[PDB]
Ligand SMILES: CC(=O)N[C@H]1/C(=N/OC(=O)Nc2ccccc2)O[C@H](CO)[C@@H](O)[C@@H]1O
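Only one chain comes next, encoded as structure tokens, the form solved without the named molecule.
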């Protein structure tokens, strides 16, 4: 946890190469993907090996939102798209069950966190779509707050995304980066403001999106968005993640070291390099050695097995209810 860099590994088992890189002090976390997941026991063994190799505490994360974004499916409870909760008569009750269930099952497999929830507003952006909890401020706040309560209940740190709002993003040929040209994104940012003020977000992941009325840089590499707005105007005190620095579609920001430097200078606490071991190594070989002690707040607060979890009536009911919810609106 102590170093700023999150990286990833090639497959189902840790390689000798992986074990060495995990000991580099600049490393703070491992992000897992579908390619790292075969089955429950293999996942437990992988995470055990990551923790053994690291020696010191290290973060293990995954994108596990439900619906279209659920990396670990086989042998896990299926979690619905975030959109479904508000379509039910007891959406707030069910959203809390979804957040609790998703989180509990990750903790049972030795994962610290999921990069969730989505706080984006509306379904019109193809990349977001039914990953959003609703189409208006109240609906998003109501159901995302519930989902957050569920995650917190089992001791999982929360991550709001994609700040300052990905709900209305366009990614055609007008600009070289996905963009939102609205003169005001007040409604979208109001959601983030409300959740920051309620004190329920441990971390934030910014959008790799340009908001040209506001600033030239994608929010994820923007000193305006990540310092002036997120810290000074909104008062956020948690961890700021970068976007995946292995990609920058405009291709104007230089190599991985330059991109990493800009994310840190812009206001990111931790940086992510996915799918590109050679880029991660270049960053490791060149970045100053730094520590992110405040990131220890992201380590999970509970430990239990999947067997133990299943003895809870809470699990029995949540898992059954999530299946019924999926069947209801699919």
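Residue numbers count along the first chain shown, from 1. The term rigid core refers to the maximal set of C-alpha atoms that superpose within 1.5 Å between the two forms. Residues that one form lacks are left out of the comparison.
The same protein also has a form solved in complex with the named molecule, omitted here; what follows describes it.
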Next on the checklist: Please tell me whether the candidate spot formed by 107, 154 and 306 is one where all three residues come within 4.5 Å of the named molecule in the entry with it bound (heavy atoms).
Outcome noted: no
Checklist entry - So, in the entry with it bound, is residue 272 in contact with the named molecule at a 4.5 angstroms heavy atom limit? => result yes
Checklist entry - Heavy atom to heavy atom, is residue 31 within 4.5 Å of the named molecule in the entry with it bound? => result yes
Checklist entry - With the partner left out of view, is residue 143 within 4.5 angstroms of the named molecule in the entry with it bound by any non-hydrogen atom? => result no
Item to check | is_contact(residue 131, the named molecule) in the entry with it bound, heavy atom dist at most 4.5 Å | outcome: yes
Checklist entry - Counting only heavy atoms and a 4.5 Å cutoff, which of 90-98, 196-204, 160-168, 254-262 contacts the named molecule in the entry with it bound? => result 160-168
Next on the checklist: Please tell me which of 84, 115, 236, 72 lies within 4.5 Å of the named molecule in the entry with it bound, judged by heavy atoms.
Outcome noted: 115
Item to check | Heavy atom within 4.5 Å of the named molecule in the entry with it bound - the one residue of 137, 247, 185, 124 that qualifies | outcome: 247
Next on the checklist: Just to make sure I understand: among 46-68, which residues lie within 4.5 Å of the named molecule in the entry with it bound, judging by heavy atoms?
Outcome noted: 63, 65
Checklist entry - Core fitted between the shown form and the other one: which of 127, 198, 186, 251 shows a C-alpha shift of 2 angstroms or more? => result 251
Next on the checklist: My question is whether residue 74 is one of the residues whose C-alpha shifts by 2 Å or more between the shown form and the other one, given a fit on the rigid core.
Outcome noted: no
Next on the checklist: Given a core-based superposition, decide whether the C-alpha of residue 237 shifts by 2 Å or more between the shown form and the other one.
Outcome noted: no
Item to check | Large Cα move at residue 93 between the shown form and the other one, threshold 2 Å, rigid core | outcome: no
Checklist outcome for this item: Taking the shown form as reference, the Cα pair residue 250 and residue 283 shifts by 3 Å or more in the entry with it bound and sits closer
Checklist entry - Closer or farther: how do the Cα atoms of residue 250 and residue 68 compare in the entry with it bound relative to this form, given a change of at least 3 Å? => result farther
Checklist outcome for this item: Note: conformational shift between the shown form and the other one, core-aligned, Cα at least 2 Å, runs of three or more in sequence order, located at 173-176, 249-251
